[PDB]
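First comes the structure, then the notes that go with it.
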Amino acid sequence: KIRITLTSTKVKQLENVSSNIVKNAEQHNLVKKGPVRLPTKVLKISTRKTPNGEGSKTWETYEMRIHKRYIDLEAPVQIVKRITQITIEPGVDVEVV
Amino acid sequence: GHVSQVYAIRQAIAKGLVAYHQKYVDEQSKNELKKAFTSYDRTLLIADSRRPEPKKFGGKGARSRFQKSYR
Amino acid sequence: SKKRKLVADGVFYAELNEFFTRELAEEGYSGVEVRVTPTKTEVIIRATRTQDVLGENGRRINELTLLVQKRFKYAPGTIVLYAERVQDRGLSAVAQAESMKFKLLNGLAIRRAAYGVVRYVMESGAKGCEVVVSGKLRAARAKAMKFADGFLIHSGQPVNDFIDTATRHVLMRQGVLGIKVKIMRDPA
Amino acid sequence: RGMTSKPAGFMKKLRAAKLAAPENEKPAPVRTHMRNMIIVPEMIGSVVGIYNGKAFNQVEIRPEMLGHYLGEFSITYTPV
Amino acid sequence: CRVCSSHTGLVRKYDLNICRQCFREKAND
Amino acid sequence: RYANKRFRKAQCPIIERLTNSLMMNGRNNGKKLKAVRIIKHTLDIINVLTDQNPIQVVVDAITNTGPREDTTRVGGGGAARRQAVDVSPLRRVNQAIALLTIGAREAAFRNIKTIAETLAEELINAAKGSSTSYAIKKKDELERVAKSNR
RNA sequence: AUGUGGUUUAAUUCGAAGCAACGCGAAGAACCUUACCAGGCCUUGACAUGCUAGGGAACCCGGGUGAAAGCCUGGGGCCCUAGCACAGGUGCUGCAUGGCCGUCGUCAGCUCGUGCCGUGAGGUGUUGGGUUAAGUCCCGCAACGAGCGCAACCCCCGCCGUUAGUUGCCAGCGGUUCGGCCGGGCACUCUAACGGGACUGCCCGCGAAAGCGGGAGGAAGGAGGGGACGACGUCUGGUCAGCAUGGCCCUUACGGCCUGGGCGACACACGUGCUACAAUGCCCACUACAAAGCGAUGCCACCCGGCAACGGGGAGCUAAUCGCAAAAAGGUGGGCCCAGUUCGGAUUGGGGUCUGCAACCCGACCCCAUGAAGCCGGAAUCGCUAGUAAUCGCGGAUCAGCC
């Protein structure tokens with residue numbers, strides 16, 4: 001039951017990335033759940049532009065929508081092998097349970 | 001809230017009525033329940049996009065602006 | 001990255017950039033991209049003169065890369081050091097700016113130095129370019145200088161300009177004078 | 001009014017006041033910003049000047065006075 | 001904060017920047 | 001002026017637009033519900049005390065309340081004379097409804113948990129069946145002012 | 001309540017000053033913070049590499065004076081001194097500056113090229129008529145076009161669909177410790193990626209045209225709502241007190257530590273606010289709909305002791321799966337009956353909880369008693385054009401606690 005969480009700013013960067021992981025693991029584990037979408041949350045943050053330091057007076061508003069993708073892979077085995085070396089795109093941050 | 005729900009339900013019953021039959025739902029949604037040139041009769045068919053409204057700075061409410069005085 | 005040490009992970013990058021800018025100046029710094037996974041950070045410094053960076057037969061690249069490890073211990077993790085050549089330094093706003101900033105330090109006619117830079121940039125590629133000099137021109141009363149050619153128009157307007165921007169400072173006995181270089185390239 | 005089980009008192013004056021205790025008392029005052037402190041008996045007899053924010057007011061503290069804050073003794077607002 | 005050392009108001013997470021200013025500054029380029 | 005006239009959804013009980021307008025006049029703080037209730041309860045009040053159907057009573061009230069002529073100030077060569085003038089049909093309604101609610105609020109009688117009786121009594125008092133009450137006074141007073149300075 | 005003027009004070013640290021200073025820097029003043037005041041204390045120096053010379057040289061424990069620093073000194077047993085090379089100051093100057101910010105102003109302008117007019121500076125274009133949020137567009141014209149700007153291209157919110165389903169729900173069936181908990185199911189909500197949709201496109205009216213008015217459909221319109229994008233410049237605008245930095249000034253101190261006081265003073269003046277003067281209301285009870293947020297010694301379920309604040313105990317959560325949380329206005333039933341009142345809660349007496357070394361000066365909270373002014377506000381004056389104003393409650397940053 002290896003839950004994989006793939007998050008990224010770009011929708012494509014994930015579709016590519018998460019898709020790769022689906023195909024690879026297909027080789028040494030169960031058959032993956034398939035890239036599940038998980039809705040995209042947008043965060044609006046109004047804060048000091050910089051951290052405590054210069055221009056505490058500064059502000060600004062930011063909106064950063066972030067995308068997610070689970071594609072769970074139950075019954076693990078040499079999934080790890082196909083996954084470990086295989087990754088590509090930067091712009092993606094993946095963390096696994 | 002109960003008010004919001006009243007609107008959502010109102011829309012629901014408006015939409016379902018259309019699926020059952022195109023004919024019944026008329027002008028707001030389909031024909032008479034359905035649509036118009038400009039002003040909305042009831043325009044039950046539309047989903048009121050209105051949302052609370054963010055508070056803009058420099059203004060108390062969002063829209064509401066502080067009044068001026070002789071000061 | 002990690003909630004706990006995203007900041008820590010970040011501080012290091014500044015640390016790395018700190019040395020590179022100090023050392024690599026002669027080389028002609030343009031940008032320092034930093035990619036990372038675990039204890040193996042990328043750092044691919046871009047330079048006009050890759051030679052200056054590398055050293056002879058790669059002797060300098062060794063020292064610097066080694067210097068990096070001192071700062072980046074095992075905890076930061078060993079890091080590599082890729083270097084790519086900048087095709088046409090003339091295109092890099094950072095360089096173009098630095099280029100002018102240096103001449104100003106020399107005490108060259110600023111207005112002319114500006115024309116030349118716009119010309120060089122304009123001369124090789126670039127759909128449009130513009131250079132801006134701060135004040136205290138010729139150690140004179142603070143002023144501002146301009147110069148531009150080609151459509152910076154269709155740039156400045158955010159819509160996919162792809163305008164490289166760069167600022168370069170210039171310490172001087174008289175005082176600091178900022179330099180701005182804008183280069184317009186094919187839009188998206 | 002009981003703040004908690006242990007009465008708080010900042011150490012700046014305490015450590016200072018008590019040292020005076022073995023010699024005896026200290027003539028002249030003391031001066032501490034720490035109006036926040038509660039006064040303890042060792043304080044008695046002493047004269048601690050408290051900070052209005054403007055200045056330090058001489059407050060002789062007597063026994064009836066102990067449970068108090070010290071700040072209670074130095075009023076911040078003046079009619080002036 | 002960490003870089004500029006402006007104490008006045010640095011976010012903890014970055015724990016950097018002069019304050020919001022450098023945070024915004026670094027972000028800007 | 002303020003904006004284009006927005007059309008108002010007719011009243012749920014009696015699908016009369018004018019009624020909704022009246023209700024809007026009553027409401028404050030967007031408490032649309034309390035506002036509707038007060039008007040409805042008043043209508044019930046109109047039913048018991050008076051044999052007539054409330055809808056008719058109200059409409060008649062507004063009619064008595066609408067000013068035909070109003071005086072507006074204007075600067076002539078000397079002093080600002082108050083020129084008498086007709087009132088728009090749109091304007092007359094807003095004034096009538098507004099004046100009713102105000103006069104209604106004016107009434108001493110505090111009946112029903114809310115205002116509802118004052119509205120009920122006010123409307124009847126307005127009717128010209130009974131053309132009295134504070135609302136009508138203002139109306140009569142304005143007209144009187146006009147044509148005074150004919 | 002709060003900021004300011006002023007006055008007062010040992011000091012009430014500093015700055016900000018018409019719009020664009022005054023709930024402003026302060027998104028957290030009891031000590032701290034803290035820059036002020038009182039008192040105790042600390043010169044090769046609080047830090048760097050080094051020189052000549054006399055001297056005790058590692059080090060460990062006391063006393064005198066003191067606010068502390070420091071100074072003097074007793075003394076078990078690398079370092080001091082003399083001469084030499086060489087930190088700290090929120091102390092002044094924002095008219096020496098960087099940076100950043102406010103502002104006119106989200107406002108409609110500023111120009112070029114060629115042509116044409118003029119001896120020339122320059123003009124024409126960019127003016128005129130209609131229209132627009134707009135130098136926006138239309139018609140006109142010795143002008144014809146163009147560049148920066150406007151608009152558009154980008155982001156968030158409105159409606160629909162495809163893809164994806166560990167979010168979601170019996171929608172739909174079987175079970176239940178009846179918690180969507182279990183199997184199951186992607187429909188729905190949702191999550192995030194992409195696609196559609198609005199263009200005065202269609203209908204009637206006026207117009208030369210742009211377009212103005214009106215109507216239908218539609219979630220939505222005639223720029224649908226909010227951002228990014230605030231131009232060249234103006235104010236010798238604001239900040240050396242965030243930081244940076246030229247120059248000037250202080251170095252037993254214009255530095256540093258500490259305890260205490262002050263920034264919380266008041267005869268008064270003003271700004272911004274809160275609560276309210278009540279019946280479209282107040283109180284008690286019962287009962288119903290939300291969003292966006294935050295949680296490690298942190299949110300605190302539930303149980304117990306207390307009228308209560310809160311204390312004791314303790315589950316889960318590591319947070320779409322647990323907690324903050326109750327939503328308030330609202331609906332239902334009762335009380336009040338027009339009174340300074342079951343309005344209104346100032347002020348004051350007493351008891352007490354909690355944080356914190358410590359709540360006199362000078363914390364918040366609870367319970368009893370007290371129960372003020374206030375019955376709608378002079379001259380004058382402020383906000384807002386729709387999901388806006390008005391009204392109701394909820395969260396957060398700072399943060400021990402909290403004004």
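Just so we're on the same page: first chain in the structure tokens is A, next is B, and so on; residues restart at 1 for each chain, and ligands are numbered from 1 in the order they show up.
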Contacts of chain G with chain E up to 12 Å, shortest pair per row, only C-alpha atoms (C1' of nucleotides), as JSON lines:
{"residue": "G:25", "atom": "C1'", "partner": "E:8", "partner_atom": "CA", "distance": 10.5}
{"residue": "G:26", "atom": "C1'", "partner": "E:8", "partner_atom": "CA", "distance": 10.6}
{"residue": "G:27", "atom": "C1'", "partner": "E:9", "partner_atom": "CA", "distance": 9.0}
{"residue": "G:99", "atom": "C1'", "partner": "E:21", "partner_atom": "CA", "distance": 9.6}
{"residue": "G:100", "atom": "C1'", "partner": "E:21", "partner_atom": "CA", "distance": 8.0}
{"residue": "G:101", "atom": "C1'", "partner": "E:21", "partner_atom": "CA", "distance": 11.4}
{"residue": "G:241", "atom": "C1'", "partner": "E:8", "partner_atom": "CA", "distance": 11.0}
{"residue": "G:242", "atom": "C1'", "partner": "E:6", "partner_atom": "CA", "distance": 5.3}
{"residue": "G:243", "atom": "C1'", "partner": "E:6", "partner_atom": "CA", "distance": 5.4}
{"residue": "G:244", "atom": "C1'", "partner": "E:4", "partner_atom": "CA", "distance": 9.2}
{"residue": "G:397", "atom": "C1'", "partner": "E:11", "partner_atom": "CA", "distance": 10.9}
{"residue": "G:398", "atom": "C1'", "partner": "E:9", "partner_atom": "CA", "distance": 10.2}
task = Do a neighbour search on stretch 22-28 of chain B at 6 Å with only C-alpha atoms (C1' of nucleotides), toss out local chain neighbours closer than 2 positions, and write the hits as JSON, numbers by chain.
result = {"B": [17, 18, 30, 31, 32, 33, 34, 35, 42, 43, 44, 45]}
Could you write out the selected residues, including N, CA and C atoms, as a PDB file, in the first residue's frame?
ATOM      1  N   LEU B  17     -36.578  19.796 -13.582  1.00  0.00           N
ATOM      2  CA  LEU B  17     -37.809  19.924 -14.302  1.00  0.00           C
ATOM      3  C   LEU B  17     -37.505  19.925 -15.768  1.00  0.00           C
ATOM      4  N   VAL B  18     -36.306  20.397 -16.145  1.00  0.00           N
ATOM      5  CA  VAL B  18     -35.962  20.483 -17.535  1.00  0.00           C
ATOM      6  C   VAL B  18     -35.616  19.134 -18.100  1.00  0.00           C
ATOM      7  N   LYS B  30     -35.269  26.407 -20.324  1.00  0.00           N
ATOM      8  CA  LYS B  30     -35.750  25.982 -21.728  1.00  0.00           C
ATOM      9  C   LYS B  30     -36.596  26.729 -22.931  1.00  0.00           C
ATOM     10  N   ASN B  31     -37.878  27.314 -22.784  1.00  0.00           N
ATOM     11  CA  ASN B  31     -39.014  28.031 -23.513  1.00  0.00           C
ATOM     12  C   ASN B  31     -39.641  29.313 -22.770  1.00  0.00           C
ATOM     13  N   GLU B  32     -40.704  29.234 -21.801  1.00  0.00           N
ATOM     14  CA  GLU B  32     -41.348  30.006 -20.600  1.00  0.00           C
ATOM     15  C   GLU B  32     -40.748  30.103 -19.035  1.00  0.00           C
ATOM     16  N   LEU B  33     -40.109  29.001 -18.403  1.00  0.00           N
ATOM     17  CA  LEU B  33     -39.054  28.654 -17.362  1.00  0.00           C
ATOM     18  C   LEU B  33     -37.457  28.848 -17.572  1.00  0.00           C
ATOM     19  N   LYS B  34     -36.781  28.964 -18.821  1.00  0.00           N
ATOM     20  CA  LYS B  34     -35.715  29.176 -19.943  1.00  0.00           C
ATOM     21  C   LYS B  34     -34.789  30.355 -20.319  1.00  0.00           C
ATOM     22  N   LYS B  35     -35.257  31.556 -20.748  1.00  0.00           N
ATOM     23  CA  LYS B  35     -34.281  32.584 -21.063  1.00  0.00           C
ATOM     24  C   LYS B  35     -34.967  33.788 -21.641  1.00  0.00           C
ATOM     25  N   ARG B  42     -37.520  35.066 -14.013  1.00  0.00           N
ATOM     26  CA  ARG B  42     -37.035  34.596 -12.767  1.00  0.00           C
ATOM     27  C   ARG B  42     -35.595  34.241 -12.970  1.00  0.00           C
ATOM     28  N   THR B  43     -35.291  33.710 -14.181  1.00  0.00           N
ATOM     29  CA  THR B  43     -34.008  33.155 -14.530  1.00  0.00           C
ATOM     30  C   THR B  43     -33.602  32.171 -13.479  1.00  0.00           C
ATOM     31  N   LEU B  44     -34.458  31.153 -13.308  1.00  0.00           N
ATOM     32  CA  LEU B  44     -34.212  30.084 -12.391  1.00  0.00           C
ATOM     33  C   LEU B  44     -33.082  29.226 -12.867  1.00  0.00           C
ATOM     34  N   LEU B  45     -32.884  29.189 -14.188  1.00  0.00           N
ATOM     35  CA  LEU B  45     -31.898  28.390 -14.857  1.00  0.00           C
ATOM     36  C   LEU B  45     -30.506  28.850 -14.564  1.00  0.00           C
TER      37      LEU B  45
END
Strand (DSSP E) per DSSP on the backbone: members of stretch 18-74 of chain C, as a PyMOL selection string = chain C and resi 29-33+44-47
Counting only C-alpha atoms (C1' of nucleotides), what are the residues of chain G within 8 Å of chain B, and for each of them which pair of atoms is the nearest and at what distance in Å, to one decimal? Sort the table by chain and rising number, as a tab-separated table.
residue	atom	partner	partner_atom	distance
G:157	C1'	B:51	CA	7.6
G:158	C1'	B:49	CA	3.6
G:159	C1'	B:47	CA	6.0
G:215	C1'	B:37	CA	5.4
G:216	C1'	B:37	CA	3.2
G:217	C1'	B:35	CA	3.9
G:218	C1'	B:35	CA	5.7
G:219	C1'	B:46	CA	4.0
G:220	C1'	B:49	CA	7.8
G:226	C1'	B:54	CA	7.8
G:271	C1'	B:71	CA	7.0
G:288	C1'	B:2	CA	7.9
G:289	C1'	B:1	CA	3.7
G:290	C1'	B:1	CA	5.7
G:380	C1'	B:70	CA	7.7
G:381	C1'	B:69	CA	4.6
G:382	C1'	B:67	CA	3.3
G:383	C1'	B:67	CA	3.5
G:384	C1'	B:64	CA	5.1
G:387	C1'	B:50	CA	6.5
G:388	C1'	B:63	CA	5.8
G:389	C1'	B:64	CA	6.6
At most 10 Å is the cut-off: for each residue in chain G with any atom that close to an atom of chain C, write down the nearest atom pair and the distance in Å rounded to one decimal, counting only C-alpha atoms (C1' of nucleotides), chain first then increasing number, as a Markdown table.
| residue | atom | partner | partner_atom | distance |
| --- | --- | --- | --- | --- |
| G:97 | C1' | C:175 | CA | 8.8 |
| G:98 | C1' | C:176 | CA | 8.1 |
| G:147 | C1' | C:153 | CA | 7.6 |
| G:148 | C1' | C:153 | CA | 7.1 |
| G:152 | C1' | C:159 | CA | 9.3 |
| G:153 | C1' | C:159 | CA | 5.2 |
| G:154 | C1' | C:159 | CA | 6.7 |
| G:228 | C1' | C:158 | CA | 9.1 |
| G:229 | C1' | C:158 | CA | 7.2 |
| G:245 | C1' | C:175 | CA | 9.6 |
| G:246 | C1' | C:175 | CA | 8.5 |
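For chain F, the residues no farther than 9 Å from chain G when using only C-alpha atoms (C1' of nucleotides) are residues 2, 3, 26, 27, 28, 29, 30, 31, 33, 34, 35, 38, 105, 110, 111, 112, 113, 114, 115 and 116 of chain F.
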message = Taking the DSSP secondary structure from the backbone, can you list the residues of stretch 82-167 of chain C that are alpha helix (DSSP H), as an NGL selection string?
response = :C and (93-106 or 110-123)
Those same residues, written as a PDB file, in the first residue's frame with N, CA and C atoms?
ATOM      1  N   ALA C  93      20.821  39.929 -20.216  1.00  0.00           N
ATOM      2  CA  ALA C  93      20.593  41.234 -19.684  1.00  0.00           C
ATOM      3  C   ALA C  93      21.577  41.446 -18.585  1.00  0.00           C
ATOM      4  N   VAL C  94      21.813  40.398 -17.764  1.00  0.00           N
ATOM      5  CA  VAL C  94      22.683  40.509 -16.624  1.00  0.00           C
ATOM      6  C   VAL C  94      24.034  40.905 -17.083  1.00  0.00           C
ATOM      7  N   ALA C  95      24.526  40.248 -18.145  1.00  0.00           N
ATOM      8  CA  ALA C  95      25.831  40.551 -18.635  1.00  0.00           C
ATOM      9  C   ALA C  95      25.862  41.928 -19.204  1.00  0.00           C
ATOM     10  N   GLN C  96      24.852  42.276 -20.012  1.00  0.00           N
ATOM     11  CA  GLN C  96      24.862  43.532 -20.699  1.00  0.00           C
ATOM     12  C   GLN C  96      24.904  44.602 -19.656  1.00  0.00           C
ATOM     13  N   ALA C  97      24.150  44.408 -18.555  1.00  0.00           N
ATOM     14  CA  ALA C  97      24.123  45.375 -17.496  1.00  0.00           C
ATOM     15  C   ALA C  97      25.472  45.470 -16.857  1.00  0.00           C
ATOM     16  N   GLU C  98      26.067  44.312 -16.518  1.00  0.00           N
ATOM     17  CA  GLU C  98      27.320  44.256 -15.822  1.00  0.00           C
ATOM     18  C   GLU C  98      28.328  44.921 -16.693  1.00  0.00           C
ATOM     19  N   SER C  99      28.212  44.677 -18.007  1.00  0.00           N
ATOM     20  CA  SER C  99      29.136  45.189 -18.963  1.00  0.00           C
ATOM     21  C   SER C  99      29.145  46.678 -18.834  1.00  0.00           C
ATOM     22  N   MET C 100      27.954  47.310 -18.879  1.00  0.00           N
ATOM     23  CA  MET C 100      27.907  48.742 -18.754  1.00  0.00           C
ATOM     24  C   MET C 100      28.322  49.167 -17.391  1.00  0.00           C
ATOM     25  N   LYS C 101      27.948  48.398 -16.356  1.00  0.00           N
ATOM     26  CA  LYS C 101      28.283  48.848 -15.040  1.00  0.00           C
ATOM     27  C   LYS C 101      29.771  48.954 -14.917  1.00  0.00           C
ATOM     28  N   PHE C 102      30.530  48.010 -15.503  1.00  0.00           N
ATOM     29  CA  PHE C 102      31.963  48.070 -15.384  1.00  0.00           C
ATOM     30  C   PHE C 102      32.494  49.322 -16.019  1.00  0.00           C
ATOM     31  N   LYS C 103      32.068  49.629 -17.263  1.00  0.00           N
ATOM     32  CA  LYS C 103      32.644  50.739 -17.973  1.00  0.00           C
ATOM     33  C   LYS C 103      32.438  51.973 -17.167  1.00  0.00           C
ATOM     34  N   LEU C 104      31.259  52.090 -16.535  1.00  0.00           N
ATOM     35  CA  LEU C 104      30.952  53.249 -15.756  1.00  0.00           C
ATOM     36  C   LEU C 104      31.949  53.354 -14.649  1.00  0.00           C
ATOM     37  N   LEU C 105      32.355  52.204 -14.085  1.00  0.00           N
ATOM     38  CA  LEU C 105      33.295  52.226 -13.005  1.00  0.00           C
ATOM     39  C   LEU C 105      34.566  52.822 -13.532  1.00  0.00           C
ATOM     40  N   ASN C 106      34.914  52.506 -14.794  1.00  0.00           N
ATOM     41  CA  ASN C 106      36.104  53.015 -15.415  1.00  0.00           C
ATOM     42  C   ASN C 106      36.003  54.503 -15.528  1.00  0.00           C
ATOM     43  N   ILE C 110      28.984  57.736 -19.941  1.00  0.00           N
ATOM     44  CA  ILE C 110      27.910  56.809 -19.723  1.00  0.00           C
ATOM     45  C   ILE C 110      26.973  56.758 -20.886  1.00  0.00           C
ATOM     46  N   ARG C 111      26.624  57.923 -21.460  1.00  0.00           N
ATOM     47  CA  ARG C 111      25.640  57.949 -22.502  1.00  0.00           C
ATOM     48  C   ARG C 111      26.110  57.071 -23.614  1.00  0.00           C
ATOM     49  N   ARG C 112      27.395  57.206 -23.985  1.00  0.00           N
ATOM     50  CA  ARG C 112      27.931  56.434 -25.066  1.00  0.00           C
ATOM     51  C   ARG C 112      27.963  54.981 -24.715  1.00  0.00           C
ATOM     52  N   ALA C 113      28.378  54.648 -23.476  1.00  0.00           N
ATOM     53  CA  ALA C 113      28.496  53.270 -23.086  1.00  0.00           C
ATOM     54  C   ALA C 113      27.150  52.654 -23.254  1.00  0.00           C
ATOM     55  N   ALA C 114      26.089  53.423 -22.949  1.00  0.00           N
ATOM     56  CA  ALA C 114      24.754  52.928 -23.113  1.00  0.00           C
ATOM     57  C   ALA C 114      24.472  52.675 -24.568  1.00  0.00           C
ATOM     58  N   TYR C 115      24.847  53.614 -25.465  1.00  0.00           N
ATOM     59  CA  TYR C 115      24.523  53.434 -26.856  1.00  0.00           C
ATOM     60  C   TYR C 115      25.180  52.186 -27.310  1.00  0.00           C
ATOM     61  N   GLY C 116      26.455  52.023 -26.933  1.00  0.00           N
ATOM     62  CA  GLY C 116      27.176  50.906 -27.447  1.00  0.00           C
ATOM     63  C   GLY C 116      26.488  49.654 -27.018  1.00  0.00           C
ATOM     64  N   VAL C 117      26.116  49.554 -25.731  1.00  0.00           N
ATOM     65  CA  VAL C 117      25.545  48.321 -25.278  1.00  0.00           C
ATOM     66  C   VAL C 117      24.268  48.044 -26.003  1.00  0.00           C
ATOM     67  N   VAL C 118      23.417  49.069 -26.209  1.00  0.00           N
ATOM     68  CA  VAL C 118      22.196  48.778 -26.901  1.00  0.00           C
ATOM     69  C   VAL C 118      22.566  48.304 -28.264  1.00  0.00           C
ATOM     70  N   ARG C 119      23.611  48.904 -28.863  1.00  0.00           N
ATOM     71  CA  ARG C 119      24.003  48.520 -30.188  1.00  0.00           C
ATOM     72  C   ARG C 119      24.457  47.100 -30.212  1.00  0.00           C
ATOM     73  N   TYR C 120      25.302  46.668 -29.259  1.00  0.00           N
ATOM     74  CA  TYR C 120      25.807  45.325 -29.332  1.00  0.00           C
ATOM     75  C   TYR C 120      24.653  44.375 -29.247  1.00  0.00           C
ATOM     76  N   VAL C 121      23.776  44.586 -28.251  1.00  0.00           N
ATOM     77  CA  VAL C 121      22.659  43.713 -28.002  1.00  0.00           C
ATOM     78  C   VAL C 121      21.763  43.725 -29.195  1.00  0.00           C
ATOM     79  N   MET C 122      21.529  44.923 -29.754  1.00  0.00           N
ATOM     80  CA  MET C 122      20.662  45.081 -30.885  1.00  0.00           C
ATOM     81  C   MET C 122      21.280  44.392 -32.061  1.00  0.00           C
ATOM     82  N   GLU C 123      22.614  44.473 -32.149  1.00  0.00           N
ATOM     83  CA  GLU C 123      23.411  44.014 -33.245  1.00  0.00           C
ATOM     84  C   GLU C 123      23.357  42.528 -33.384  1.00  0.00           C
TER      85      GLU C 123
END
request  = Find the residues around residue G:40 up to 9 Å (only C-alpha atoms (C1' of nucleotides) counted), leave out those fewer than 6 positions away in its own chain, and share them as an NGL selection string.
outcome  = (:D and (16 or 30)) or (:G and (66-69 or 258-259))
Write out as a PDB file with N, CA, C and O atoms (P, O5', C5', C4', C3', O3' and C1' of nucleotides), in the first residue's frame which residues come within 10 Å of residue G:134 when counting only C-alpha atoms (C1' of nucleotides), dropping same-chain ones fewer than 6 positions away.
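Contents of result_31.pdb, as written:
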ATOM      1  P     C G 107      -9.651  55.269 -13.596  1.00  0.00           P
ATOM      2  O5'   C G 107      -8.738  56.557 -13.369  1.00  0.00           O
ATOM      3  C5'   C G 107      -9.324  57.847 -13.121  1.00  0.00           C
ATOM      4  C4'   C G 107      -8.502  58.935 -13.775  1.00  0.00           C
ATOM      5  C3'   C G 107      -8.217  58.783 -15.264  1.00  0.00           C
ATOM      6  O3'   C G 107      -9.266  59.406 -16.002  1.00  0.00           O
ATOM      7  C1'   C G 107      -6.249  59.433 -14.082  1.00  0.00           C
ATOM      8  P     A G 108      -8.850  59.977 -17.302  1.00  0.00           P
ATOM      9  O5'   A G 108      -7.708  60.248 -18.377  1.00  0.00           O
ATOM     10  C5'   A G 108      -7.198  61.587 -18.611  1.00  0.00           C
ATOM     11  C4'   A G 108      -6.584  61.691 -19.999  1.00  0.00           C
ATOM     12  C3'   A G 108      -7.470  61.164 -21.114  1.00  0.00           C
ATOM     13  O3'   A G 108      -7.723  62.134 -22.170  1.00  0.00           O
ATOM     14  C1'   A G 108      -5.493  59.806 -20.909  1.00  0.00           C
ATOM     15  P     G G 109      -6.554  62.614 -23.178  1.00  0.00           P
ATOM     16  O5'   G G 109      -5.546  63.441 -22.268  1.00  0.00           O
ATOM     17  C5'   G G 109      -4.293  63.864 -22.791  1.00  0.00           C
ATOM     18  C4'   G G 109      -3.170  63.361 -21.921  1.00  0.00           C
ATOM     19  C3'   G G 109      -1.804  63.516 -22.565  1.00  0.00           C
ATOM     20  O3'   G G 109      -1.231  64.796 -22.318  1.00  0.00           O
ATOM     21  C1'   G G 109      -2.065  61.281 -21.847  1.00  0.00           C
ATOM     22  P     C G 150      -1.307  50.907 -20.068  1.00  0.00           P
ATOM     23  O5'   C G 150      -2.466  51.632 -20.891  1.00  0.00           O
ATOM     24  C5'   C G 150      -3.347  52.558 -20.252  1.00  0.00           C
ATOM     25  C4'   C G 150      -4.690  52.555 -20.930  1.00  0.00           C
ATOM     26  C3'   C G 150      -5.373  51.210 -21.060  1.00  0.00           C
ATOM     27  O3'   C G 150      -6.074  50.863 -19.880  1.00  0.00           O
ATOM     28  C1'   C G 150      -5.514  52.386 -23.112  1.00  0.00           C
ATOM     29  P     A G 151      -6.183  49.325 -19.449  1.00  0.00           P
ATOM     30  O5'   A G 151      -6.898  48.631 -20.692  1.00  0.00           O
ATOM     31  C5'   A G 151      -8.299  48.845 -20.945  1.00  0.00           C
ATOM     32  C4'   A G 151      -8.716  48.144 -22.219  1.00  0.00           C
ATOM     33  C3'   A G 151      -8.377  46.662 -22.305  1.00  0.00           C
ATOM     34  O3'   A G 151      -9.344  45.830 -21.690  1.00  0.00           O
ATOM     35  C1'   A G 151      -7.603  47.741 -24.246  1.00  0.00           C
TER      36        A G 151
END
key: Residues of chain D within 6 Å of chain G, only C-alpha atoms (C1' of nucleotides) counted, as number ranges by chain   = D: 8-10, 12-13, 30-38, 48-57, 68-80
Residues of chain G that approach chain A to 6 Å or less, counting only C-alpha atoms (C1' of nucleotides): could you list each one with the shortest pair of atoms and its distance in Å to one decimal, rows by chain and increasing residue number, as CSV?
residue,atom,partner,partner_atom,distance
G:164,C1',A:37,CA,4.4
G:165,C1',A:36,CA,5.2
G:191,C1',A:39,CA,1.8
G:192,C1',A:40,CA,3.7
G:193,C1',A:11,CA,5.7
G:243,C1',A:54,CA,5.6
Restricting the output to C-alpha atoms (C1' of nucleotides), write the selected residues as a PDB file, in the first residue's frame.
ATOM      1  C1'   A G 164      -9.416  11.438 -12.578  1.00  0.00           C
ATOM      2  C1'   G G 165     -11.441   9.230  -8.515  1.00  0.00           C
ATOM      3  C1'   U G 191     -10.146  18.023  -5.742  1.00  0.00           C
ATOM      4  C1'   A G 192      -7.143  19.939 -10.367  1.00  0.00           C
ATOM      5  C1'   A G 193      -6.344  19.760 -15.541  1.00  0.00           C
ATOM      6  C1'   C G 243      18.147  47.396   7.178  1.00  0.00           C
TER       7        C G 243
END
key: chain E contacts on chain C, only C-alpha atoms, 10 Å, as a ChimeraX atom specification   = /C:3-11,14-15,165-166
May I have the residues from that selection written out with C-alpha atoms, as a short mmCIF file (atom, residue, chain, number, x, y, z; two decimals), in the first residue's frame?
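To be explicit, this is the file written out as part.cif:
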data_model
loop_
_atom_site.label_atom_id
_atom_site.label_comp_id
_atom_site.auth_asym_id
_atom_site.auth_seq_id
_atom_site.Cartn_x
_atom_site.Cartn_y
_atom_site.Cartn_z
CA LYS C 3 8.57 21.58 6.52
CA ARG C 4 11.35 21.52 9.03
CA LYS C 5 14.27 22.43 6.89
CA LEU C 6 12.92 23.99 3.77
CA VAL C 7 14.33 27.19 5.16
CA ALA C 8 17.57 25.50 6.12
CA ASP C 9 17.73 23.91 2.70
CA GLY C 10 17.20 27.38 1.28
CA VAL C 11 19.83 29.13 3.35
CA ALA C 14 22.17 31.58 -0.81
CA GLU C 15 25.43 30.45 0.72
CA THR C 165 15.97 41.81 -17.33
CA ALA C 166 19.06 42.54 -15.46
#
